[PDB]
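> Need the 3D shape of this:
(2 chains, ligands or ions: 4)
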There are 2 protein chains.
Amino acid sequence: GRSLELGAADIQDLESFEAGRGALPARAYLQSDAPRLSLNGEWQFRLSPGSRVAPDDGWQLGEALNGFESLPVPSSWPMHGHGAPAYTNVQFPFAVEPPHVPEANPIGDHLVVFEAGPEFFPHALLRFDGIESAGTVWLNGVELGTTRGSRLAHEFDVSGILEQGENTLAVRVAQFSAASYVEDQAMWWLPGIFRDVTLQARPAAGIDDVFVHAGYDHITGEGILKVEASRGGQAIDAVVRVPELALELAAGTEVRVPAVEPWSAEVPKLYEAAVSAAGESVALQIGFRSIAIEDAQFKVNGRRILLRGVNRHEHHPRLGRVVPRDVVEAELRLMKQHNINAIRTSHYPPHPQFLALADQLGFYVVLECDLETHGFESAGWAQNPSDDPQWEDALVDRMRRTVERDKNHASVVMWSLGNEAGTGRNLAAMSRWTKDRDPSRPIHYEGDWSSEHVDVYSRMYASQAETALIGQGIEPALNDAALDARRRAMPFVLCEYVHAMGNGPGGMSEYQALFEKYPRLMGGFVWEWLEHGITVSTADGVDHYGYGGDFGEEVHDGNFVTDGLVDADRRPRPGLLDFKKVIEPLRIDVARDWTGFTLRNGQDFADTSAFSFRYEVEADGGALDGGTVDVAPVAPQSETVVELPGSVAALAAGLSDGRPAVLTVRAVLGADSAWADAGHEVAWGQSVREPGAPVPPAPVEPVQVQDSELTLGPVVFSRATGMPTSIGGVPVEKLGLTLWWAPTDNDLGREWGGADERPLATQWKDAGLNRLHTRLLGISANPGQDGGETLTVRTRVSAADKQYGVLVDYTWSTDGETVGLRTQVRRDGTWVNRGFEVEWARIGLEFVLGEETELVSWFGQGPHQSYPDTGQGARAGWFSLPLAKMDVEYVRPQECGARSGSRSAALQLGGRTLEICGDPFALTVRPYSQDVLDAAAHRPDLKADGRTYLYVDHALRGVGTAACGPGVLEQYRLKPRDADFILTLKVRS
Amino acid sequence: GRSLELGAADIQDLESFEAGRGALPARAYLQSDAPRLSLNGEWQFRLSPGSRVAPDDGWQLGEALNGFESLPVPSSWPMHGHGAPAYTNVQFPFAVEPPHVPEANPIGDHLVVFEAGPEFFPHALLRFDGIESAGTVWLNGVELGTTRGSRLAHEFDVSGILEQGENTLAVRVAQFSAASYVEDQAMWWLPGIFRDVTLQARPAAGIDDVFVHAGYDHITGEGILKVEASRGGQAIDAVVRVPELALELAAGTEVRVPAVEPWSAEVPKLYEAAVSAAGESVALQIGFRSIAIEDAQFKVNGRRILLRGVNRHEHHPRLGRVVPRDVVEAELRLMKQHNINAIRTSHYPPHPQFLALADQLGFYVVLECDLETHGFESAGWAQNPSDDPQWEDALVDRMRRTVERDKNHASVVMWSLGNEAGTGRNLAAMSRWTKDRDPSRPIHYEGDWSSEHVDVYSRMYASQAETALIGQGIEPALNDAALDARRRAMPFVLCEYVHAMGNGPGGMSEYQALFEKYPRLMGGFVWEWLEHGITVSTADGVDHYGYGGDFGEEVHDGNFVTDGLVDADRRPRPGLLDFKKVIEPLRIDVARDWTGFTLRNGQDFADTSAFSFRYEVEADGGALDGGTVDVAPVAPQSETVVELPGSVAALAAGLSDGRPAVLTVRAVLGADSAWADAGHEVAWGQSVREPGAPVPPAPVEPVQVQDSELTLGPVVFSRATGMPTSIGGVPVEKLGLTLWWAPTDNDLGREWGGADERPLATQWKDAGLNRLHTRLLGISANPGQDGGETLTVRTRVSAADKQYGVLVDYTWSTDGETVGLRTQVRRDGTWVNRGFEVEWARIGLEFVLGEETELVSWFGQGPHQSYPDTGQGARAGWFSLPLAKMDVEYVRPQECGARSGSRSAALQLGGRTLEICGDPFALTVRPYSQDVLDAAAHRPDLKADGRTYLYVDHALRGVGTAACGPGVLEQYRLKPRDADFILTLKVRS
Ligand SMILES: OC[C@H]1O[C@@H](O)[C@H](O)[C@@H](O)[C@H]1O
Ligand SMILES: OC[C@H]1O[C@@H](O)[C@H](O)[C@@H](O)[C@H]1O
Ligand SMILES: OC[C@H]1O[C@@H](O)[C@H](O)[C@@H](O)[C@H]1O
Ligand SMILES: OC[C@H]1O[C@@H](O)[C@H](O)[C@@H](O)[C@H]1O
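Numbering: from 1, shown residues only, chains lettered A, B, ... in the order given. Ligands and ions are numbered 1, 2, ... in the order given. Let me share the structure:
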């Protein structure tokens, strides 16, 4: 049996169950004075479709290069025209038959030439901080070894192989390997050398690894310091210095520092330090803090903390898995600016530079190992690597490298074994290894609800209801009494919650109230921080984001990648603006009589000395009063009542009733910080004096009659239809009832529970809410006042093939100045379809106007959108925006931009202005129709058609988080019902 | 309360529950010598969007016409650019709130000027044979009345209103009315005056109505004749004459004719007749036949008959509901040419000219009333007009007019109350009325399974299994013993079965065998005769059919309209070719030794004297023998063994074994008939001498080896992939396994039963059968014979995210002339997905070739396609066709064109020819890919890409009728399994 296949040897290596070979022991990423040369820059690159046709020519030596072109390094090579991105959620892009790999497997050959000076001898190494997913490395033709673990560091000794002067480094990178089976994160598949490549010397009498142990005794205030140092795995002599604390001690010994200032996300105190031996010195930043679990609470420095967190993937719209440092610093400052205090590195270790920034700015970090086997769930977890003993060594290695690299950073308060990888013996081995190596950080893993091998109980997307049961410690018991006992003593954290995809997330406040009420609840991490949008440039310079499927992939999960609080360029979504308010660290309850406000300090450690408390009274015209009030600092977890100047209460008392006015109290930064300038807003509260009920016009104008038209003051009606065609000279091309909106991403998902497995969008489509039809029943003019008349138009709205409907009556009235419009809705028949009760998106009206709108003004909530279960961040005030800025640039267009709680509005159409008033309504204005919005898959598919689509809603439905997790909560649902609402219009030129 | 709405009076009339007003009594359509003038021609026409804007100007008088243009009459006015067609299946296109109508309701004003000569006085009438759906008629400004019942005749007296000379006739037609609620047939909605408009004089002493009663005593052979005649509802004096029978008798008296030749679809004997009084004479055609039910059988003239039927809608691709007479005669001849003997006028009376043609050519007709309320089912039948007493008069009227018009035609053997209209008191009133008026024809209605008010038990799409239970009279009992007793004594008919949508129908033979075995089974009517395709002409002159949705309708049911045995232009689909064979009236079983054949006469009345029995022996070269054999006529329902000339058996006996040869016996017409010429084929049978097993080549050629290629005789392989790239100079761009085909219309429907409600196409999509991926495992050359070698390529086929797969091994061998190819398939893992066992469409191979193919030849079954549960009409022989004629022009492209039972094949590519041989396989050749075929929604979306896609299948799955009714029967399913098949190839230039 002759064997004639090509590349069988390269494939066997890619199919290996083992960790990479030929590498130095795993250690910490350390700032050293040892000489170093970054090989980052312009490399040469060649791509083959698979191993069997990957040329075995002499390319590794660098001479006679055939078929190479320039490429930057680090890089995600699909970001530069070589192949294309492919995004899948749970599903693998290849056949599930481990350890085998497909035949279509991009192979990337990388090569660079560099100069090695004398200072890199006799000893040196090469360091690779990230290769996705399988790398083989040669130096001057000699093989160093292989890399496994795509976001993990590898180091190769080049002593006696690195030559003085010019050297040639070659790296072969395969996209898919056996390791892909354990790297099934929901994100873009992006092969490449995507992190630093560095040459580092290792002088004699140096330092290879360091392990900081900096604890805090919260009773005495002492610091407990012990800095370990080793060479070749052996503890060595070395001296530690921290100038600020008047300390010089030996490595390996534990000392009590009489008084330290503890480290926390709120106060990230960092003492500079150096560990030095004869040949090498290491620069450290040390944060004193101790982590402990007691009374079923997660405590730092003796206090239960509340995690205000997000899940952070690493992604950049033009460079993929390469995130420039300027972008890292930016987004982390942006996080702090929105009151975030915690980060989960979903689902792999980040760039090693991330850790120091986290220590400095202040975040509680859950550092997570690179491991996820989600794609094995659909087959009942059969062949899951997490329980296959042949994978033990490879998975322990992943955890080892994860722990060693970042074990010195005070910001890491939990080690996480991975994400959605089931349960198995290998996961238990990873946990046992970590607990032995570093018992100073509790262990996290959500995949095993029994929680046998962890220290905190973690779940994702648990309902508000179950969260409250857990907060009270009365969730259902595990069958094993011993394991149930353990878990009931564990604090609870939501590693992912309030899925922030598209319009939403809804129901954040409900979670937060539980967090504040129940100590056992640690808090939660929003999924997720950013949208993984990829910029696509088109003809005429139009720029938009692409998502799953837009790059010609055979298997994908669509727009699930754009599920973030900010877009790929870090521009806030409305959800982040709401999130900031929900998690605000201070609560300000302004008194109704404007005499003062209650101030609760929600922080865990800091008092209120960093904040300046300011007040301002705003009214119709401008601002009437304002200033700053001094507050004796308030301790954490306590409250006080702050008096306001009597002048404020006097304004309120002498306010002619019916005049609108808003008192706003804010807590801003008194001075610059590392993450924001002075005056940055942190918390706020308001008290509103509402405008009185709008005076309904006197019906003293009669109805003129003609053959095909009616007129009632500034309004013109069509006799045939009964609907306005003009108001004050403004063409009304249509007016009608609305019960539907263009489905959100959440409306496109299932609400599990109940016998109805259809998404809300499908329920609506089956019911006909998107294609309503109106029948005219009657037109009638009725006696008004002193000659005038009202005009009642009676209609019935329904849909083809349906028997249910609603009766809508429009009653118009006018005095010549302002048009009054009453609308009555009455449901007719039983609103059931395919055996389930139909629900409504809204109860409102759609005005279609023939003119374009330039500007929208309103008194209500703003500046940004607000729906019944969102809008926490929208405050009471006066707002005005150009039309285009009323919209929201979601990647898949969908319902958005409604302004709930509006009392008045004003649209500028050319030279005229249309004013709407009435009891609280929601306001939306768009230059396109609802059907155009529902059809559009990307922003370019939206086109203005010269009209103005105006929406005035009396009732609205919530948005929820049904795309992943709970749907709209009961209190925000909208069942069919009768309704009645009044409204006044006016046009002025 | 002033009332200001427009058109409220016209709308109230459209909402009327009552029949049309002001019309003459319902009567028969009669050929009379009274003067007549057809007003058909070029009319003037105007369209308004609704009643409220329909002008009330002076248009009815004909002077100062504003906005009218020319339009033909009769017409379906959406067929001429006024609006557009809209097709819905079950669902109404308007809100379901009877009797109300929508505001978007096209109003069509029609007008013509004509001359009335002296012979139209003093009495005359105007006759309208069809107006959809509500007409108001004026003559010279004077209102005559209104029409209700869209396919029913109305007559209006114009005495004292018709003026001598020039007259002006005006008709206002509304598309939607209260009557639309009872005209919910599955078809295009097409308003208009779509049938004849005729002026007819009514001289004094004339004849208004006639009622023929022509029975047959099958014991004596006597005819029982009684011709009734009436004027103004009163029986009158009149004399009846039938020359051929030597008869002159008075109307109203019953006589025994000593000897008549009975009428039947097989022998449609018609005696000419005339009923005459002083002023008028009527021409009649009389067929003597008596209908009776006894021993739970449906009998004509004392014999149980077998219905070979189709459901006939009226439709024309360019004129809509207007079917020219030349097209009627054509399609009915086409029906007879395919052995059909029965017609159901689904679901309304046809054009009155249809009846005479049915009497002449010979069909058993189920004449069905215009009534269907299907759209009320989705709401639990609430508000169903069939049980609403306010609709009684309007529904009795529909049945009255239905019965009166056609009561004289022997071809009508059943009256049908309507279709899918539920159960209700009005349906019972329609039945009571019919039984009293005409007790000579049993009553049919499927909507009430209890069968309380009918004479035959009717069902639609009952499984073969339930049909067999009913054939034995052991179906489950009704709860009411008295009704169960009645129904068990009733014969059973399938008014709709073997849904003929797209590829199919499958499972026809199984039904037919039950029809022949069980007397209680009357037979069945295929759904349906024609596709309702509408021709759409595009730039460059390309012509294709449109279906539901292609005309911009808001609500539609897609391609369900193209569900016919022939296309809109009456070109046969493969299903009709199979249907003809299944229902063939004679069975011919040719003996294996070629000594003779068994002949069963399946007819009910006629013997075999009309047929000439002919034989022919065909072989490789040409024909070897042939002739005609004389058969003593065989009586109905008996059989005989016909000897063939000894010369035929001698050829078979002296045939060198392994040589293929086919003996075919045919029954053709001995002489011309009214529906076909002499030599037309009616029945056939065959005996085949198969070719011997193909000799596998001697493996005496070795494997040449190169860096990137292997070669084994005329074959070139790629070392990387292991797959052919050449055979004899022909580029092979790809070769691989197939388990999937582009879903048929049947595959897009649900198979109710079992916990899996997904259509087969969705099951396949979820499982990944459409996106298979192959991994190379090994390549190996093995010792052959006298130096030669075999080449085994080992592969594993699967799909992304799936663990199941198949192992496919290709073993090649050659002697230099012919390539031998063995293929072994072994399933690997459990083929389950989303909790249900995956099924396969096929087990085969796809050859993709770089050259185009001009011609395809094969020995097997043809000329037309054949799948496991179809192809009855495909016979054994030798066939050759240009590539384009191997395809099938279904309106929605889908899997089709496979040739099952193939033993050899030959493709001509330019100058060369590729030959395939082996054990029985299925052959398909296309100029495009399977994905292009699945994506295409219409024919133009198919584009040849310069390649040749060749499919060789070892196993195939059935097609069934799951689009509506049973899916693939158990024995034709294809579960995943191991398989093995051999095959030889050869290229000759
Ligand atoms: O103590 C106040 C601060 O608390 C931090 O945890 C948060 O990240 C900051 O944005 C700020 O709110
Ligand atoms: O092994 C994976 C499973 O683990 C269980 O603890 C959990 O309840 C399941 O939902 C699933 O995640
Ligand atoms: O008796 C033979 C004939 O029977 C008729 O019913 C049929 O319509 C004809 O096509 C032919 O088959
Ligand atoms: O009233 C309509 C119903 O009539 C019943 O006899 C039948 O079983 C049902 O399927 C439905 O057709």
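> Remind me what the strand ranked longest in chain A packs against, helices and strands.
Criterion DSSP state E: the longest strand present in chain A is strand A:912-926. When contacts are defined as 3 or more CB pairs under 8 Å, 6 or more residues apart in numbering or on different chains; DSSP states H and E, strand A:912-926 packs onto strand A:842-849, strand A:855-862, strand A:899-909, strand A:948-956, strand A:979-988. In this view, the C-beta of every residue, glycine as well, is placed from N, C-alpha and C.
> and with 10 Å instead?
strand A:730-738, strand A:819-828, strand A:842-849, strand A:855-862, strand A:899-909, helix A:930-935, strand A:948-956, strand A:979-988 (3 or more CB pairs under 10 Å, 6 or more residues apart in numbering or on different chains; DSSP states H and E).
> CA atoms of it as CSV?
Extracted C-alpha coordinates of strand A:912-926, given in CSV (Å, rounded to 0.1, in the frame of the first residue of the first chain):
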residue,chain,number,x,y,z
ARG,A,912,-43.4,77.1,9.0
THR,A,913,-43.5,75.3,12.3
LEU,A,914,-45.9,72.6,13.5
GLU,A,915,-46.5,72.4,17.2
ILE,A,916,-48.0,69.4,19.1
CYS,A,917,-49.2,69.5,22.7
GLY,A,918,-51.2,67.3,25.0
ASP,A,919,-50.9,64.8,27.8
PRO,A,920,-47.7,62.8,27.8
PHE,A,921,-47.0,61.1,24.5
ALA,A,922,-44.0,59.7,22.6
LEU,A,923,-42.4,61.5,19.7
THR,A,924,-40.6,60.0,16.6
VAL,A,925,-39.7,61.8,13.4
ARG,A,926,-38.1,60.2,10.4
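> Taking strand A:899-909 as reference, get the angle to it.
With axes from the mean of the first three to the mean of the last three CA atoms, to 10 degrees applied, the angle from strand A:912-926 to strand A:899-909 works out at 130 degrees.
> What strands line up against strand A:912-926, and which way round?
strand A:899-909 (antiparallel), strand A:948-956 (antiparallel), strand A:979-988 (antiparallel) (DSSP bridges).
> Return the nearest residue of chain A with respect to ligand 1.
residue A:341 (3.0 Å; CB to the nearest ligand atom).
> Tell me, how many residues neighbour residue A:628?
11 (other CB atoms under 10 Å in any protein chain shown).
> mind checking the SS state of it?
strand (DSSP: H, G, I helix; E, B strand; the rest coil).
> residue contacts, it?
A:612, A:613, A:614, A:615, A:668, A:670 (CB atoms under 10 Å, 6 or more residues apart in numbering or on different chains).
> Find the helix or strand that the second one is a member of.
Using DSSP states H and E, residue A:613 sits within strand A:611-619.
> Give the buried residues for that strand.
In terms of neighbour count (16 or more other CB atoms under 10 Å in any protein chain shown), strand A:611-619 has its buried residues at A:611, A:612, A:613, A:614, A:615, A:617, A:618, A:619.
> which other helices and strands contact it?
Applying 3+ CB pairs under 10 Å, 6+ apart, we find strand A:611-619 packed against strand A:586-590, strand A:596-601, strand A:623-629, helix A:646-653, strand A:661-669, strand A:681-689, strand A:875-882.
> Format those as JSON lines; extra columns: distance to residue A:109.
JSON lines is the format used below for the helices and strands packed on strand A:611-619 (distance: least, CB to CB, whole Å):
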{"stretch": "strand A:586-590", "distance to residue A:109": "56"}
{"stretch": "strand A:596-601", "distance to residue A:109": "59"}
{"stretch": "strand A:623-629", "distance to residue A:109": "64"}
{"stretch": "helix A:646-653", "distance to residue A:109": "72"}
{"stretch": "strand A:661-669", "distance to residue A:109": "52"}
{"stretch": "strand A:681-689", "distance to residue A:109": "52"}
{"stretch": "strand A:875-882", "distance to residue A:109": "52"}
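> Turn these into CSV, columns for distance to ligand 2.
Shown next, in CSV, are the helices and strands packed on strand A:611-619 (distance: least, CB to the nearest ligand atom, whole Å):
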stretch, distance to ligand 2
strand A:586-590, 36
strand A:596-601, 37
strand A:623-629, 52
helix A:646-653, 55
strand A:661-669, 42
strand A:681-689, 38
strand A:875-882, 40
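> nearest to ligand 3, of these?
Nearest to ligand 3, of the helices and strands packed on strand A:611-619 and by CB to the nearest ligand atom, is strand A:875-882 at 75.4 Å.
> Which strands border that closest one, and is each parallel or antiparallel?
Per DSSP bridges, strand A:875-882 is paired in its sheet with strand A:855-862 (antiparallel).
> how about the partner strand: buried residues?
Those would be A:855, A:856, A:858, A:859, A:860, A:861, A:862, for strand A:855-862 by 16+ other CB under 10 Å.
> same question, stretch A:78-94
Counting neighbours by 16+ other CB under 10 Å, the buried set in stretch A:78-94 is A:78-80, A:82-83, A:85-94.
> Show only the entries of the residues you listed found in helices.
Using DSSP state H, no member of those sits in helices.
> and of those residues, the nearest to ligand 2?
Nearest member of the buried residues of stretch A:78-94 to ligand 2, counting by CB to the nearest ligand atom, is residue A:90, at 12.3 Å.
> how far away is the closest one from residue A:504?
Distance of residue A:90 to residue A:504, computed by CB to CB, to the nearest Å: 21 Å.
> Repeat that for residue A:700.
Distance from residue A:700 to residue A:504, by CB to CB: 47 Å.
> Repeat that for residue A:123.
Applying CB to CB to residue A:123 and residue A:504 gives a distance of 55 Å.
> who has more neighbours, these two?
Of the pair residue A:123 and residue A:504, residue A:504 is the one with more neighbours under other CB under 10 Å, namely 28 against 16.
> picking that back up, quick one: which of the buried residues of stretch A:78-94 is nearest to residue B:352?
Residue B:352 lies nearest to residue A:91 out of the buried residues of stretch A:78-94, by CB to CB, at 62.2 Å.
> For the nearest residue to residue A:151 once chain neighbours are set aside, grab the count of nearby residues.
Sequence neighbours aside, residue A:348 is the residue nearest to residue A:151 in space, at 4.0 Å (criterion: CB to CB, 6 or more residues apart in numbering or on different chains). By other CB under 10 Å, the residues close to residue A:348 number 26.
> And residue A:447, by the same measure?
There are 22 residues near residue A:447, going by other CB under 10 Å.
> SS state for it?
Here residue A:447 is recorded as coil under three-state DSSP.
> List the residues that contact it.
Contacts of residue A:447 (CB under 10 Å, 6+ apart): A:371-374, A:377, A:386, A:417-424, A:427, A:454, A:458, A:460.
> Helices of the stretch 251-400 of chain A, start to end?
Per DSSP state H, counting those that start in this stretch, the stretch 251-400 of chain A carries helices over the ranges A:325-337, A:353-361, A:392-406.
> which of those sits most buried?
helix A:392-406 (a mean of 22; mean count of other CB atoms under 10 Å in any protein chain shown).
> After that one, which helix or strand is next?
In N-to-C order, the element after helix A:392-406 by DSSP H and E is strand A:412-416.
> residues from the stretch 601-750 of chain A in reach of chain B?
A:703, A:705, A:707, A:708, A:710, A:717, A:718, A:719, A:720, A:721, A:722 (CB under 10 Å from any CB of the partner chain).
> and if you look at the stretch 301-450 of chain A?
A:375, A:376, A:378, A:379, A:380, A:382, A:383.
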